[PDB]
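J.: If it helps, the file is called model37.txt and holds compact mmCIF, C-alpha atoms (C1' of nucleotides):
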# COMPACT_ATOMS: atom_id res chain seq x y z
CA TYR T 1 -43.22 41.26 19.08
CA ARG T 2 -44.52 42.26 15.66
CA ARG T 3 -47.71 40.26 16.06
CA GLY T 4 -48.58 42.86 18.69
CA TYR T 5 -49.83 40.36 21.26
CA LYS T 6 -49.01 39.67 24.88
CA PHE T 7 -45.96 37.42 25.04
CA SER T 8 -47.46 35.12 27.70
CA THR T 9 -49.85 33.42 25.27
CA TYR T 10 -46.95 32.31 23.05
CA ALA T 11 -44.85 30.38 25.54
CA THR T 12 -48.05 29.31 27.27
CA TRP T 13 -48.48 27.23 24.13
CA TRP T 14 -44.85 26.18 23.87
CA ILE T 15 -44.26 25.08 27.46
CA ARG T 16 -47.63 23.32 27.49
CA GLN T 17 -46.49 21.18 24.57
CA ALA T 18 -43.15 20.42 26.19
CA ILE T 19 -44.73 19.36 29.46
CA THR T 20 -47.57 17.49 27.84
CA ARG T 21 -45.30 15.06 26.04
CA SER T 22 -42.30 15.03 28.38
CA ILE T 23 -44.39 13.45 31.09
CA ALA T 24 -45.63 11.01 28.48
CA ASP T 25 -42.12 10.14 27.36
CA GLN T 26 -40.75 9.84 30.88
CA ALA T 27 -42.77 9.37 34.09
CA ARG T 28 -42.99 5.57 33.83
CA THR T 29 -40.93 2.45 34.19
CA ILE T 30 -42.83 1.47 31.01
CA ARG T 31 -42.33 3.76 28.06
CA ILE T 32 -45.53 4.18 26.07
CA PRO T 33 -45.39 5.93 22.69
CA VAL T 34 -47.54 8.99 22.34
CA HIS T 35 -50.28 7.50 20.22
CA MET T 36 -51.46 5.23 22.97
CA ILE T 37 -51.18 8.20 25.31
CA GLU T 38 -53.48 10.32 23.14
CA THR T 39 -56.03 7.57 22.78
CA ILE T 40 -55.89 7.01 26.53
CA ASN T 41 -56.85 10.64 26.94
CA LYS T 42 -59.72 10.12 24.50
CA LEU T 43 -60.75 7.12 26.53
CA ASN T 44 -60.58 8.72 29.95
CA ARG T 45 -62.50 11.82 28.92
CA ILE T 46 -65.19 10.05 26.95
CA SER T 47 -65.67 7.47 29.68
CA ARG T 48 -66.90 10.18 31.98
CA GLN T 49 -69.33 11.70 29.51
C1' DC J 1 -72.89 -125.29 13.71
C1' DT J 2 -73.49 -120.37 12.98
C1' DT J 3 -71.84 -115.97 13.33
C1' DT J 4 -68.35 -112.18 12.75
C1' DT J 5 -64.30 -110.69 12.40
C1' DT J 6 -60.29 -110.39 10.18
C1' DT J 7 -56.80 -110.37 6.16
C1' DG J 8 -55.66 -110.95 1.87
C1' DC J 9 -57.14 -110.66 -2.65
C1' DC J 10 -59.54 -108.48 -6.09
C1' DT J 11 -60.06 -104.66 -7.94
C1' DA J 12 -59.77 -100.55 -8.76
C1' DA J 13 -56.65 -96.22 -7.48
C1' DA J 14 -54.52 -92.22 -5.26
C1' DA J 15 -49.68 -90.64 -3.64
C1' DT J 16 -44.48 -91.04 -4.39
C1' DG J 17 -40.41 -90.24 -6.89
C1' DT J 18 -36.72 -89.04 -12.03
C1' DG J 19 -33.99 -84.76 -12.13
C1' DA J 20 -33.42 -82.44 -16.06
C1' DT J 21 -34.41 -78.26 -17.67
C1' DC J 22 -35.96 -72.98 -18.04
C1' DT J 23 -38.03 -68.32 -16.64
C1' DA J 24 -40.25 -64.75 -14.35
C1' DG J 25 -38.23 -62.41 -10.12
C1' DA J 26 -35.08 -58.94 -7.80
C1' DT J 27 -30.37 -56.42 -7.59
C1' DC J 28 -28.04 -53.04 -8.30
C1' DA J 29 -24.90 -47.43 -8.41
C1' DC J 30 -26.10 -43.62 -10.64
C1' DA J 31 -28.42 -39.49 -13.60
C1' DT J 32 -33.35 -36.91 -13.93
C1' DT J 33 -38.87 -34.33 -12.58
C1' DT J 34 -41.55 -33.08 -7.85
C1' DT J 35 -42.20 -31.43 -2.84
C1' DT J 36 -42.24 -27.07 -0.60
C1' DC J 37 -38.47 -25.15 2.35
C1' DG J 38 -34.46 -20.60 3.44
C1' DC J 39 -32.48 -15.77 2.54
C1' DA J 40 -32.30 -11.50 -0.61
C1' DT J 41 -36.16 -7.97 -3.40
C1' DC J 42 -40.76 -5.32 -3.25
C1' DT J 43 -44.48 -3.19 -1.01
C1' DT J 44 -47.77 -2.15 1.62
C1' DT J 45 -48.84 -0.92 6.08
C1' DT J 46 -48.69 0.27 10.14
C1' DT J 47 -46.40 2.67 13.48
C1' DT J 48 -43.25 6.15 15.32
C1' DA J 49 -39.78 10.33 15.72
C1' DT J 50 -40.37 14.82 15.09
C1' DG J 51 -42.59 19.24 14.36
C1' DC J 52 -46.64 23.72 15.73
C1' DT J 53 -50.95 25.92 18.51
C1' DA J 54 -49.87 33.98 18.58
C1' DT J 55 -56.52 37.32 23.86
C1' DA J 56 -54.78 36.11 28.33
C1' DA J 57 -52.29 33.81 32.51
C1' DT J 58 -46.42 35.27 37.02
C1' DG J 59 -43.32 32.46 44.98
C1' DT J 60 -44.95 25.99 47.63
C1' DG J 61 -46.54 24.40 51.88
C1' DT J 62 -50.87 20.32 51.21
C1' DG J 63 -51.09 16.72 54.06
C1' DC J 64 -49.03 14.17 57.08
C1' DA J 65 -45.61 12.92 62.03
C1' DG J 66 -47.36 11.97 66.37
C1' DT J 67 -43.70 13.50 68.79
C1' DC J 68 -39.69 6.19 71.43
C1' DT J 69 -35.65 6.75 74.18
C1' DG J 70 -31.30 6.34 76.86
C1' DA J 71 -26.45 6.90 76.01
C1' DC J 72 -23.17 8.73 73.98
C1' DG J 73 -21.01 11.99 70.51
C1' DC J 74 -20.12 16.25 69.25
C1' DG J 75 -20.77 21.22 68.21
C1' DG J 76 -21.29 24.50 70.60
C1' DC J 77 -21.71 27.46 74.58
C1' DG J 78 -20.90 29.37 77.42
Can the structure in the file be given as structure tokens, please?
T.:
Amino acid sequence: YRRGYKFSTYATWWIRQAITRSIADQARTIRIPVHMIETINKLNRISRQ
DNA sequence: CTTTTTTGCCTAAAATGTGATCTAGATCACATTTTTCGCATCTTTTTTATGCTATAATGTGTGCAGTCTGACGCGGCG
């Protein structure tokens, strides 16, 4: 509490992390380590630009 | 009687046979230097498990079915 900010922001970071890599861990019959996942995100975004 | 063809001789001559006596060849079972191979180090080198980011954010549906149907079970349904 001492930071004096709204609590929502905090776990809005934490959860986001948890989700963001739990789907990447699971969610496939093929496991893909995170590094490929990241670079795939790079790819997909930059493709569109 | 003359020719030619043949053989045997002359006359020159190569091929055959003495075996006794060595002499460079090849064997022959077992020790040494080279290949470059295989598993332990390093030793990097890359890759991978794990860890944070402090404005703020508060109840789904999500795209579909086109609804077969006749008999029989079974829970109701009275």
J.: Please find the residues of chain J near chain T - the criterion being any atom within 9 Å, counting all atoms listed in the file - and write them as a VMD selection string.
T.: chain J and resid 48 52 to 57
J.: To one decimal in Å, tell me the separation between atom CA of residue T:31 and atom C1' of residue J:47.
T.: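 Going from atom CA of residue T:31 over to atom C1' of residue J:47 covers 15.2 Å.
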J.: At what distance in Å, to one decimal, does atom CA of residue T:28 lie from atom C1' of residue J:62?
T.: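 Rounded to one decimal, the two atoms are 24.1 Å apart.
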J.: At what distance in Å, to one decimal, does atom CA of residue T:38 lie from atom CA of residue T:22?
T.: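 Atom CA of residue T:38 lies 13.2 Å from atom CA of residue T:22.
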